[PDB]
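Reviewing the structure listed below.
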Amino acid sequence: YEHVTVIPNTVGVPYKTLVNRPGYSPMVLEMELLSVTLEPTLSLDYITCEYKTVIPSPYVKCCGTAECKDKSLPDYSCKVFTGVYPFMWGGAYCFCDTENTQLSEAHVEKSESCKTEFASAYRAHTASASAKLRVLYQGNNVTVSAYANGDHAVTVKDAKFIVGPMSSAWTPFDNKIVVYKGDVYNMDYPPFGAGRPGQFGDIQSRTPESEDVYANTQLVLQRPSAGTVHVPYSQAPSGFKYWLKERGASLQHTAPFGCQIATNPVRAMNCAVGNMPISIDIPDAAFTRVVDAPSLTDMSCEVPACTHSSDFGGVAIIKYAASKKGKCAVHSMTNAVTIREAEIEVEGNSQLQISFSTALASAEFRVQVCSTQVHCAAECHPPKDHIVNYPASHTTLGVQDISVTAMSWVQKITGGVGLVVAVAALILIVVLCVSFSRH
Amino acid sequence: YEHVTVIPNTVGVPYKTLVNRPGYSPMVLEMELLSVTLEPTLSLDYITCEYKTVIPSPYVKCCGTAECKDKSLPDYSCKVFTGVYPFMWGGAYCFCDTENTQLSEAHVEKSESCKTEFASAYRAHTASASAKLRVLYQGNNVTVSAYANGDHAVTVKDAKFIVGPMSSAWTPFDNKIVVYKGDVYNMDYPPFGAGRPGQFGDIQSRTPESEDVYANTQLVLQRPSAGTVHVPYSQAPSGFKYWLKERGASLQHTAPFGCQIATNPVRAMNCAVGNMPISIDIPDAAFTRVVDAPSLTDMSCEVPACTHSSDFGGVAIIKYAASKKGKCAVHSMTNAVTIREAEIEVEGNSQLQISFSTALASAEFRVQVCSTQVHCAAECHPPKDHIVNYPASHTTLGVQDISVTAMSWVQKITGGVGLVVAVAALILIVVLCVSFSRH
Amino acid sequence: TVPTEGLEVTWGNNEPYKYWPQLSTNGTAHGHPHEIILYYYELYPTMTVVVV
Ligand SMILES: *[C@@H]1O[C@H](CO)[C@@H](O)[C@H](O)[C@H]1NC(C)=O
Ligand SMILES: *[C@@H]1O[C@H](CO)[C@@H](O)[C@H](O)[C@H]1NC(C)=O
């Protein structure tokens, strides 16, 4: 009926579960996680686009001086240079020569690339989870996405899929995050207003539509070269001219546990860490009576070749005596060895042949073959394969690991070799009787 | 000064800050907080509004048994009732007699009344603190709305201020909070896909423009009784009606510190908690030397009458023979008494009246009247009036205030108390000299 | 009663009538006995009077 399982958080590895109601014949089903996409909740702090330095056509006040108006522009700058020399096609521009002064002004504003090309310093926040699951529902694959929080129930094809909680809690992002157009970067930008020239924060705006452009250029003007009708300004390095070329390794590349990032909206996918539970309830439409199954008797497992590996760890033969024709389940009583075969149609009194997979040095275990029991034994061999492109959580172990026969080699050497200390123990009573040899 | 102070987080309390610039003219300035705007995380989660129990037109299969058309509708329900009787104007709607069956179906959808009226399951955490502030500097009541987090510098008529950050980062908001058109409530709305039927929040869509509604409305279609042609069902629990019956304890009226709410976006307004640091900047342009300031001689402050209270809790006349003429400051130095008007004029041999407030009974007072420190003593009075609207934080004192005579009563009673240990030391020296001289 | 922070009362749609506590506190003297722990009976009743 009800069946709650806690599968490990593994992207792209299936899981076989022994679903069974009390009274009927068991069944082995496959579920699989496909993606764990963690969507962070976001808020834009401020943006940064390219600026544009704009000057007027400056004022050539020949024969005198006219003081500028102290306007308020982002990096407004003004200077009336003295004794200037205006020049044009017919020699000097003004007939007045010596008392020619020149007002000059300069300012910086946004540029025209800020419509679609701009970075954005965001404040990142807590993450929202999302998960993808395909179940092979008795030879039928059906797939559904959800929240992996214990809090997202979906039901379709009598499958009350309610997940359990994300057993981890770790998010790969800090609040101080920046984003430009294909990527993100977790660094500490300066905040709005408190920016630094020649960096992130060389120019600061909240939104592109926010016209508060915190600018930092210090574009100090100079006297022109020799009668040259122009305005020279000073040094002002920016941020867009340098750090876009040296942002470097995007957070796609900086990701622990094999996280991956994905924009529109940005999200942390496929670092399946922790262990995800799923409660799934299934009615008696799936379970069938064991009398509809054959009672398999005289089972004997024979492994011609096992090899403790990540892939197909070995092959086995189950001598079985099914009473009739029927479809029934096979499920090993330990999680370590994994029969690749889940629901087998059996026919009679013969030898079926299956495979299995473990990294146990000798797989000695038990399988419920459809409410009947077989005990199995397999001397496994050293793995001759070297590199594998997929991880293997089906053959995975813990640390309480079992050898071929070296535990019996211990049993040789710990049929206690401290029994000579038990000889020392048995002479304790006789040496105490030597103390009692008078009284 | 680059005078960085921390004023208490109280809207509408005139903080009188002191600028004794080094060897310059003293200058008392006023500040007054005007708003405290705290805006948490704008993370809308999902929605909840009214549904529509959609009952399509029933399907009377005249002399035939209709069969179930499975339609993937939210809370879809269908049943073909057998042995029905239809009728109309001219008797029976069917020529058929007893094999009249009638298909009947209904489901739930979203309502169109979610056009503008709905409820927002919504997430929120750390607020973007901003505040309004009016500074009275030399008859200049400048004002500024700045970001109260220590990031947004602001200069006004060259007066520079970085405001904030907030000392007490207390938040009146839960994460899972639901939003009505004027209000917000801390309540665990049921999570998406995993919502409870009939509770306020069964109807669940992701955005208000999203129509994909998970809902559980329990339409068990009843049989229409005998000959009447309609579609009775099990009744639908409408959560959205009594969403508004549980408005009740509004966050406008349940917030501590006298906090105020104003939704869309959600403003935590005027938290009376803690305090706030602030940088204070002005150049030396309003600062002449202390001798270029009018130097007060013949200084004498005297309190003629004072009832220490939340009103003008006292007044004092200062007689003086200043050096010359000038608008020079007045700063009370003892922190309980605060000067009501920050700067005065002086001319020379004159006297003038100041008003202030305190709560000390035997009030001691000391003042920096722009050149000199003058002490006043007083014996003020506790009030007898009863209604005061407005606070008075300056009057407030700690746990230790002076008495009028009982300090002398303390060191009369905690005065000779070591006379007993003096004669006890006499006991000890006589027992030592007799015990050692005899042995 | 009124706490030290005061009460804001609110009545219908109208203005929230805040109140701030007046520290009136006049039931004491100086006299021939003490009457200053009478002040401390007014200011901070029942605490900072067990200390003496
Ligand atoms: C069904 O899924 C299993 C694993 O889940 C896969 O090996 C198989 O190819 C799928 N079959 C179909 C028909 O989709
Ligand atoms: C200036 O501000 C002070 C305190 O903030 C206020 O009492 C005064 O009325 C204000 N004056 C003007 C002209 O706004």
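Letters for chains follow the order of the structure tokens (A, B, ...), residue numbers begin at 1 for each chain, and ligand numbers begin at 1 in the order shown.
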
Please identify the residues whose atoms come within 8 Å of ligand 1, using only C-alpha atoms and all ligand atoms, and report them as an mmCIF file with N, CA, C and O atoms, in the first residue's frame.
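Wrote it out as pocket38.cif, contents follow:
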```cif
data_model
loop_
_atom_site.group_PDB
_atom_site.id
_atom_site.type_symbol
_atom_site.label_atom_id
_atom_site.label_comp_id
_atom_site.auth_asym_id
_atom_site.auth_seq_id
_atom_site.Cartn_x
_atom_site.Cartn_y
_atom_site.Cartn_z
ATOM 1 N N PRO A 14 19.372 5.203 -11.456
ATOM 2 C CA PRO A 14 18.063 4.665 -11.070
ATOM 3 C C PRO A 14 18.095 4.067 -9.675
ATOM 4 O O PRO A 14 19.142 3.901 -9.046
ATOM 5 N N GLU A 30 11.232 0.835 -10.504
ATOM 6 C CA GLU A 30 12.333 1.747 -10.750
ATOM 7 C C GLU A 30 11.843 3.184 -10.685
ATOM 8 O O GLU A 30 10.895 3.556 -11.381
ATOM 9 N N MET A 31 12.519 3.997 -9.884
ATOM 10 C CA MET A 31 12.376 5.442 -9.973
ATOM 11 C C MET A 31 13.732 6.036 -10.311
ATOM 12 O O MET A 31 14.769 5.383 -10.164
ATOM 13 N N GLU A 32 13.726 7.276 -10.797
ATOM 14 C CA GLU A 32 14.991 7.941 -11.079
ATOM 15 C C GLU A 32 14.852 9.448 -10.988
ATOM 16 O O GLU A 32 13.943 10.039 -11.578
ATOM 17 N N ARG A 134 11.481 10.319 -13.110
ATOM 18 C CA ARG A 134 10.841 9.359 -14.004
ATOM 19 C C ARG A 134 10.768 7.998 -13.333
ATOM 20 O O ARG A 134 11.792 7.442 -12.926
ATOM 21 N N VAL A 135 9.554 7.464 -13.230
ATOM 22 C CA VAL A 135 9.309 6.135 -12.684
ATOM 23 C C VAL A 135 8.903 5.212 -13.829
ATOM 24 O O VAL A 135 8.084 5.580 -14.685
ATOM 25 N N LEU A 136 9.539 4.041 -13.886
ATOM 26 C CA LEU A 136 9.163 2.979 -14.819
ATOM 27 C C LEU A 136 8.051 2.172 -14.157
ATOM 28 O O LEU A 136 8.271 1.149 -13.503
ATOM 29 N N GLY A 139 6.866 -1.307 -16.448
ATOM 30 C CA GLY A 139 7.090 -1.229 -17.873
ATOM 31 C C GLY A 139 6.551 0.018 -18.532
ATOM 32 O O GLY A 139 6.408 0.038 -19.759
ATOM 33 N N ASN A 140 6.236 1.059 -17.758
ATOM 34 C CA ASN A 140 5.703 2.310 -18.290
ATOM 35 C C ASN A 140 6.452 3.477 -17.659
ATOM 36 O O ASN A 140 6.360 3.697 -16.449
ATOM 37 N N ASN A 141 7.170 4.237 -18.478
ATOM 38 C CA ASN A 141 7.929 5.386 -18.004
ATOM 39 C C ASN A 141 7.034 6.617 -17.972
ATOM 40 O O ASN A 141 6.463 6.999 -18.999
#
```

I'd like the neighbourhood of range 98-111 of chain A as an MDAnalysis selection string, where a residue qualifies if any of its atoms comes within 6 Å (using only C-alpha atoms), though same-chain residues fewer than 4 positions away should be ignored. chainID A and resid 50:55 58:65 74:84

Could you take the residues named above and write them with N, CA and C atoms, as a PDB file, in the first residue's frame?
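Final file, result.pdb:
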```
ATOM      1  N   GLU A  50      28.036  50.741 -19.572  1.00  0.00           N
ATOM      2  CA  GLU A  50      29.120  51.603 -20.010  1.00  0.00           C
ATOM      3  C   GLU A  50      28.678  53.058 -19.954  1.00  0.00           C
ATOM      4  N   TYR A  51      29.575  53.930 -19.506  1.00  0.00           N
ATOM      5  CA  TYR A  51      29.292  55.349 -19.521  1.00  0.00           C
ATOM      6  C   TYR A  51      29.651  55.957 -20.871  1.00  0.00           C
ATOM      7  N   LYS A  52      29.465  57.267 -20.959  1.00  0.00           N
ATOM      8  CA  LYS A  52      29.842  58.059 -22.117  1.00  0.00           C
ATOM      9  C   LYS A  52      30.269  59.427 -21.619  1.00  0.00           C
ATOM     10  N   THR A  53      31.488  59.826 -21.950  1.00  0.00           N
ATOM     11  CA  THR A  53      31.964  61.155 -21.599  1.00  0.00           C
ATOM     12  C   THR A  53      31.524  62.133 -22.678  1.00  0.00           C
ATOM     13  N   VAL A  54      30.787  63.165 -22.280  1.00  0.00           N
ATOM     14  CA  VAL A  54      30.215  64.130 -23.207  1.00  0.00           C
ATOM     15  C   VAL A  54      30.766  65.506 -22.858  1.00  0.00           C
ATOM     16  N   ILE A  55      31.199  66.232 -23.882  1.00  0.00           N
ATOM     17  CA  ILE A  55      31.620  67.617 -23.740  1.00  0.00           C
ATOM     18  C   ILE A  55      30.657  68.483 -24.538  1.00  0.00           C
ATOM     19  N   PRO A  58      32.972  73.965 -26.729  1.00  0.00           N
ATOM     20  CA  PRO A  58      33.370  74.889 -25.667  1.00  0.00           C
ATOM     21  C   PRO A  58      33.371  76.333 -26.140  1.00  0.00           C
ATOM     22  N   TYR A  59      33.481  77.232 -25.174  1.00  0.00           N
ATOM     23  CA  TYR A  59      33.238  78.652 -25.396  1.00  0.00           C
ATOM     24  C   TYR A  59      34.575  79.339 -25.630  1.00  0.00           C
ATOM     25  N   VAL A  60      34.750  79.935 -26.807  1.00  0.00           N
ATOM     26  CA  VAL A  60      35.976  80.663 -27.117  1.00  0.00           C
ATOM     27  C   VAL A  60      35.709  82.155 -26.891  1.00  0.00           C
ATOM     28  N   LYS A  61      35.906  82.595 -25.653  1.00  0.00           N
ATOM     29  CA  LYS A  61      35.640  83.980 -25.285  1.00  0.00           C
ATOM     30  C   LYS A  61      36.845  84.816 -25.697  1.00  0.00           C
ATOM     31  N   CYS A  62      36.856  85.254 -26.953  1.00  0.00           N
ATOM     32  CA  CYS A  62      37.910  86.141 -27.424  1.00  0.00           C
ATOM     33  C   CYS A  62      37.696  87.536 -26.856  1.00  0.00           C
ATOM     34  N   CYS A  63      38.803  88.193 -26.495  1.00  0.00           N
ATOM     35  CA  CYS A  63      38.821  89.516 -25.858  1.00  0.00           C
ATOM     36  C   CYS A  63      37.953  89.551 -24.600  1.00  0.00           C
ATOM     37  N   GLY A  64      38.350  88.758 -23.615  1.00  0.00           N
ATOM     38  CA  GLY A  64      37.723  88.798 -22.316  1.00  0.00           C
ATOM     39  C   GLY A  64      37.501  87.407 -21.767  1.00  0.00           C
ATOM     40  N   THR A  65      36.731  87.351 -20.682  1.00  0.00           N
ATOM     41  CA  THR A  65      36.448  86.118 -19.959  1.00  0.00           C
ATOM     42  C   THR A  65      34.982  86.110 -19.554  1.00  0.00           C
ATOM     43  N   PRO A  74      26.626  64.717 -13.464  1.00  0.00           N
ATOM     44  CA  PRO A  74      27.505  63.645 -12.969  1.00  0.00           C
ATOM     45  C   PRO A  74      28.926  63.792 -13.495  1.00  0.00           C
ATOM     46  N   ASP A  75      29.846  64.031 -12.557  1.00  0.00           N
ATOM     47  CA  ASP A  75      31.200  64.520 -12.817  1.00  0.00           C
ATOM     48  C   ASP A  75      31.179  65.734 -13.738  1.00  0.00           C
ATOM     49  N   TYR A  76      30.466  66.764 -13.298  1.00  0.00           N
ATOM     50  CA  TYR A  76      30.588  68.067 -13.925  1.00  0.00           C
ATOM     51  C   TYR A  76      32.001  68.586 -13.714  1.00  0.00           C
ATOM     52  N   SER A  77      32.528  69.262 -14.726  1.00  0.00           N
ATOM     53  CA  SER A  77      33.883  69.780 -14.657  1.00  0.00           C
ATOM     54  C   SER A  77      33.977  70.987 -15.568  1.00  0.00           C
ATOM     55  N   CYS A  78      34.666  72.025 -15.103  1.00  0.00           N
ATOM     56  CA  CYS A  78      34.700  73.283 -15.828  1.00  0.00           C
ATOM     57  C   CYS A  78      36.016  73.993 -15.562  1.00  0.00           C
ATOM     58  N   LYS A  79      36.513  74.675 -16.592  1.00  0.00           N
ATOM     59  CA  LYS A  79      37.723  75.480 -16.481  1.00  0.00           C
ATOM     60  C   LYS A  79      37.762  76.467 -17.634  1.00  0.00           C
ATOM     61  N   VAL A  80      38.038  77.730 -17.335  1.00  0.00           N
ATOM     62  CA  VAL A  80      38.215  78.750 -18.365  1.00  0.00           C
ATOM     63  C   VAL A  80      39.717  78.991 -18.467  1.00  0.00           C
ATOM     64  N   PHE A  81      40.328  78.392 -19.481  1.00  0.00           N
ATOM     65  CA  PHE A  81      41.753  78.568 -19.708  1.00  0.00           C
ATOM     66  C   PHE A  81      42.043  79.957 -20.258  1.00  0.00           C
ATOM     67  N   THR A  82      43.211  80.474 -19.902  1.00  0.00           N
ATOM     68  CA  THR A  82      43.571  81.864 -20.120  1.00  0.00           C
ATOM     69  C   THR A  82      44.573  81.989 -21.257  1.00  0.00           C
ATOM     70  N   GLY A  83      44.467  83.104 -21.978  1.00  0.00           N
ATOM     71  CA  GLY A  83      45.413  83.425 -23.037  1.00  0.00           C
ATOM     72  C   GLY A  83      45.396  82.460 -24.198  1.00  0.00           C
ATOM     73  N   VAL A  84      44.228  81.923 -24.540  1.00  0.00           N
ATOM     74  CA  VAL A  84      44.152  80.836 -25.508  1.00  0.00           C
ATOM     75  C   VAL A  84      44.323  81.389 -26.915  1.00  0.00           C
TER      76      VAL A  84
END
```

As a PyMOL selection string, please: the residues near range 205-208 of chain B (cut-off 12 Å, only C-alpha atoms, same-chain neighbours under 2 positions excluded). chain B and resi 43-51+74+109-122+191-193+195+201-203+210-215

Enumerate as an MDAnalysis selection string the residues belonging to chain B that approach chain C to within 10 Å, with only C-alpha atoms taken into account. chainID B and resid 253 257:258 272 308:311 359 361 381:392 396 399:400 403:406 409

Determine which residues of chain B sit within 12 Å of chain A, taking into account only C-alpha atoms, and present them as a PyMOL selection string. chain B and resi 40-45+72+74-75+122-128+146-147+149-157+161-163+175+189-196+214-216

Counting only C-alpha atoms, what is within 9 Å of residue 303 in chain B, bar same-chain residues fewer than 6 positions away, as a CSV table (one decimal) with C-alpha atoms, in the first residue's frame?
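Generated file (around15.csv):
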```csv
chain,number,residue,atom,x,y,z
B,314,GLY,CA,12.8,74.6,33.0
B,315,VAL,CA,14.1,78.0,32.1
B,316,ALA,CA,17.3,79.8,33.0
B,317,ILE,CA,18.6,83.4,32.6
B,318,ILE,CA,22.2,83.8,31.7
B,376,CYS,CA,23.9,76.3,37.1
B,377,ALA,CA,22.3,74.6,40.1
B,378,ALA,CA,18.6,74.1,40.5
B,379,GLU,CA,15.8,72.4,42.5
B,380,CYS,CA,13.2,71.6,39.9
```

Identify all residues of range 159-270 of chain B in strand (DSSP E or B) (DSSP on the backbone) and supply them as a PyMOL selection string. chain B and resi 159-163+177-180+183-186+204-205+214+221+233+260-262+267-269

Any chance you could list, as a list in words, the residues in chain C that come up helix (DSSP H, G or I) when DSSP is run on the backbone?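 Selecting the helix (DSSP H, G or I) positions of chain C gives residues 37, 38, 39, 40, 41 and 42 of chain C.
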
Between A:15, A:320, A:365, A:173, which residue has the minimum interatomic distance to residue 394 in chain A, considering only C-alpha atoms?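 Going through A:15, A:320, A:365, A:173 one by one, the smallest distance to residue 394 in chain A is for A:15.
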
Nearby residues (only C-alpha atoms) at most 9 Å from residue 280 in chain B, same-chain spacing under 3 positions excluded, as a list in words: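 Non-adjacent residues within range: residues 1, 2, 3, 4, 5, 159, 160, 161 and 162 of chain B.
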
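The space between CA of residue 268 in chain B and CA of residue 131 in chain B spans 11.2 Å.
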
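Going from CA of residue 281 in chain A over to CA of residue 16 in chain A, you cover 15.9 Å.
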
Would you mind reading off the distance between CA of residue 363 in chain A and CA of residue 275 in chain A, one decimal, in Å?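 Going from CA of residue 363 in chain A over to CA of residue 275 in chain A, I get 25.2 Å.
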
In terms of the shortest atom-to-atom distance over only C-alpha atoms, which of B:186, B:270, B:335, B:260 is closest to residue 395 in chain B?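 Closest to residue 395 in chain B of all the choices is B:335.
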